[PDB]
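First, one chain by itself: the form deposited in one PDB entry, in structure tokens.
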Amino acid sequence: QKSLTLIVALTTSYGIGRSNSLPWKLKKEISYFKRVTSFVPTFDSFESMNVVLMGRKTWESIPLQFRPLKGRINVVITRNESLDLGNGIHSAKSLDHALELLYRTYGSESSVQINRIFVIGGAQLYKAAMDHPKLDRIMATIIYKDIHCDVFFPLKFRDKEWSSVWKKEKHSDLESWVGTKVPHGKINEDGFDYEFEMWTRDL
């Protein structure tokens, strides 16, 4: 069971969504998201691919022109065996089942190898990922504007109460893990000030 990575864009009040949608239109954040979930270190095996895990509500909210996230192995978690109708859209009862589907489906008899696993969201899938003993990384984008949302991140990993578990890494570590250079400091895109951060937990 490889390490799990959580990627999220949230306000300072931990808000992450409004009405099954995003209360903001950031063009530079979305590019970060894609490169991060799509990047694979050269040294790893040649047929290495990434996986993005997502909840059901998060998958139905992505416009058909966008989903499924290309260049990545897509898995939808659902406590319901319903029709996904995909080009191979895997679905599992939980994080642990999803990981089991991957290892079984992708391995020796595969011409496709699993690289990094990303939990791309959904409040409910976040809490599950936060409770999992394998999550160890959190790629966070902080919107410095207390926008009005109605969906929030479960754990306040940036507050004091958790400061002994979650440690924010320097930007040099944030860039190396991503293999490329990324904007250091605030970024003001259309009256929004946000920045990238990477937090690591001890296992």
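Rigid core (definition): largest C-alpha set, two forms, superposition within 1.5 Å. Don't overthink the numbering: it's just position in the shown sequence, from 1.
Exercise for review: Read off the CA B-factors in the entry, average them over 33 to 41 and over 132 to 140, and name the higher stretch.
Suggested key: The stretch with the larger mean CA B-factor is 33 to 41.
Exercise for review: Higher average CA B factor in the deposited record is what I'm after, so tell me if that's 152 to 160 or 66 to 74.
Suggested key: According to the entry, 66 to 74 carries the higher average C-alpha B-factor.
Check your understanding: Taking the values straight from the PDB record, which of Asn115, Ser111, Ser94, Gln124 has the highest C-alpha temperature factor?
Key -> The C-alpha B-factor peaks, among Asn115, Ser111, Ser94, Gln124, at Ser111.
Review point. From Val165, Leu26, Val178, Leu53, pick the one with the largest CA B-factor in the entry?
Key: Among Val165, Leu26, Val178, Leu53, the PDB entry lists the largest C-alpha B-factor for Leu26.
Review point. Once the chain's modelled residues are ordered by C-alpha B factor and cut into thirds, is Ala9 in the lowest, middle or highest one?
Key: It falls in the bottom third of the chain.
Review point. Sorting the chain's CA B-factors, does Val119 end up in the lowest, middle or highest third?
Key: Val119: CA B-factor falls in the lowest third of its chain.
Just so it is clear, the following notes concern the form deposited in another entry, a form of the same protein that is not shown.
Check your understanding: Looking at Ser31, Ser163, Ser45, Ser172, which has a Cα shift of 2 angstroms or more between this form and the one not shown when the rigid core is held fixed?
Key -> Single hit from the list, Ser45.
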